[PDB]
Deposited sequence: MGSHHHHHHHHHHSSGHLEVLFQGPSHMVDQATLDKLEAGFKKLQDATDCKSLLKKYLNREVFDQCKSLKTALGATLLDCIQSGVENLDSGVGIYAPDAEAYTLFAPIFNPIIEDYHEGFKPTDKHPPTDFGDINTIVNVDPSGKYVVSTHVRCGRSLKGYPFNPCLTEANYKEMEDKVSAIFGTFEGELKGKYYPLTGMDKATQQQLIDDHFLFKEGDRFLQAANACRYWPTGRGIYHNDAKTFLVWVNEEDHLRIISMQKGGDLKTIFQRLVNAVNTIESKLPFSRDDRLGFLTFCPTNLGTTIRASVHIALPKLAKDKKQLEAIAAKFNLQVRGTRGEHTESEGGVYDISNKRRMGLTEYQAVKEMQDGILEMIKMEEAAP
């Protein structure tokens, strides 16, 4: 049962969201009274309540989304509020829809997106994973964090080949090590107010750490937002080598530690934006001609299901759910190939 103290905070939060007439989060949009009354008295098997989902969007009213998952069960148990937010954010992933089974596909159909070297500065493929049996960061204990780091660092120690590298615990990290990792853009810090209000940064820095291979083309963040954030990257556009490295790595990890995955949602993540494939495939790319009209540059990316962010821009696949890991990477690749064709043919 939910304790009366949590029920009281929940009721105060619900009212606070209705009184913020100018607040525009997805949480506020879909947390109406009936959805709230459906959910407020539920509790997962690991002890997570609705407050462990919505507290950050109650405390930060400028949140774009405003909800996080405190454990894997919370996605199903609290479906009445998660499902409409997931649908909205992922642009048509309905409550009755289903994400495909995992498929990394035929890696040999993946190509270098810019053999010319003229346009793509670097290419990157990011994924995320939760480890089966562990709550998510809102509900992990100090002992969980410690035990998880022990198991994860043990696995990283077995990496050989191009994956062989070093684990750096944040606990007891010295300032020279930190500066070394900042220079590599490999360091993460305590979360901002959105994560703080979500109870994601408790017992910092216990259980948090960084791994990277000697080549500095592979990086893992442990307990930064998800249990594991796994990135493969390098200069140039060799998406084939990059993606295959990521897959080798994820498969190696999985062989020792099972992941949390849902038949409807795919891979379960702390934020609902990272569900499904979890894949974020991107290039840092300069398109001088196409970009001299940023509205049309954004329009062009938008036609290939791409998102432009921060001369050199980050262009990535917008879609995470409803498509396989292969299809997601292939969509970035085909979109980038086309935009380069356009840039090369533009006057």
Going by C-alpha coordinates, which parts of the deposited sequence are missing from this model? 1-27, 338-347
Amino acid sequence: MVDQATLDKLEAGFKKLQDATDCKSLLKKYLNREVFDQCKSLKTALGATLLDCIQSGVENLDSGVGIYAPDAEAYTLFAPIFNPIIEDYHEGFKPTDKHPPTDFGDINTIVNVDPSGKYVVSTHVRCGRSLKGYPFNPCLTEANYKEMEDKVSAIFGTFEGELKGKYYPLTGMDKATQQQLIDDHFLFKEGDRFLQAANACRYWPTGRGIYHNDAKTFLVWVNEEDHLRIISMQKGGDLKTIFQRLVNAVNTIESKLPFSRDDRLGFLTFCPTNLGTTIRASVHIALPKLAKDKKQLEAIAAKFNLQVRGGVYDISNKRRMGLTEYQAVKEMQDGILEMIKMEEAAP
From here on, numbers count along this sequence of modelled residues.
Averaging only over Cα atoms, indicate whether 299-307 or 278-286 has the higher B-factor in the PDB entry. 299-307
Would you mind comparing 269-277 and 141-149 for me and telling me which has the higher average C-alpha temperature factor in the entry? 141-149
From the entry's CA B-factor values, the highest among 232, 116, 199, 122 is 116
Please rank the C-alpha B-factors of the chain's modelled residues and tell me whether residue 161 sits in the lowest, middle or highest third. highest
Residue 318's Cα B-factor: lowest, middle or highest third of the chain? lowest
Lowest, middle or highest third - CA B-factor, residue 68: lowest
Considering every modelled residue of the chain and its Cα B-factor in the PDB entry, is residue 108 in the lowest, middle or highest third? highest
Chain-relative C-alpha B factor for residue 17 (record values, thirds): the highest
